[PDB]
């Protein structure tokens, strides 16, 4: 529709380059964008999602955002090179490129997000979801964000890529045997393995009986235990195209929560 004031083409290319020079950045950029949107409360209408408010204290110090300085710092180099882009746009755009680069769907980008100017707009701590908890908590968090059960399950399928780091969350390991590819293999893994207790990680997590090299969180396996969430796990495990499409729509929605006057980018 409308040309952004920054060179989007060149920028897309710089972000693919940066990811290619450091592949484990792909998943952290997705998590960065998700956590900047995850402060929203659709009932209270607060929390400054999608405003790059995680640049500021105290949100940058919340336990759940630990390690997200890495992708923020990496993107600083690009903000410098393309000054017309807001950080908030940049953070969203880099997640979309990451998803695509790793084999995921191409999500239509909208631009024009305004950056928070100070940390007084940041939402409270305790809005990010807790991996040690299960379906009650999960549904409560995602209701509060504006998502239904179908959207919830689709979004959590992003765990198909990346991994847990002891230093950041206290959990350990990848969910899938290809942490650098974005497909429906998180649901597939969830359903096809026998998940057994990992007796050597201090924060409770499961491991696959077959190899013991994969992991799931309590919040992940709660998607099997809940009868509504399990319908959708099954839907995505048996239909990768459907997963691509629903993930695309839900993530776009996630990254457009609490925004206004966006413009559709070209491609």
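Positions refer to the first chain, counted from 1.
Chemist: Please compare 24 to 32 with 42 to 50 and name the stretch with the higher mean C-alpha B-factor in the deposited structure.
Modeler: For C-alpha atoms only, the mean B-factor is higher in 42 to 50.
Chemist: Per the PDB record, is the mean Cα temperature factor higher over 77 to 85 or over 141 to 149?
Modeler: Higher of the two, by average CA B-factor, is 77 to 85.
Chemist: Between 167, 183, 130, 163, let me know which has the highest C-alpha B-factor in the entry?
Modeler: Going by the entry's C-alpha B-factors, 167 comes out highest.
Chemist: Which one of 158, 98, 196, 122 shows the biggest C-alpha B-factor in the PDB entry?
Modeler: Of 158, 98, 196, 122, 122 has the highest C-alpha B-factor.
Chemist: Taking the entry's C-alpha B-factors for this chain, is residue 111 in the lowest, middle or highest third?
Modeler: Highest third - that is where residue 111 ends up once the chain's C-alpha B-factors are sorted.
Chemist: Would you please rank residue 244 by its C-alpha temperature factor against the other modelled residues of its chain and give the third it falls in: lowest, middle or highest?
Modeler: It falls in the middle third of the chain.
Chemist: According to the PDB entry, is the CA B factor of residue 178 in the bottom, middle or top third of its chain, that is, lowest, middle or highest?
Modeler: Within its chain, residue 178 is a highest-third residue by C-alpha B-factor, going by the deposited values.
Chemist: Lowest, middle or highest third: where is residue 227 by C-alpha B factor in its chain?
Modeler: Ranked within chain, residue 227 CA B lands in the middle tercile.
Chemist: Residue 65's Cα B-factor: lowest, middle or highest third of the chain?
Modeler: Its C-alpha B-factor belongs to the lowest third of this chain's values.
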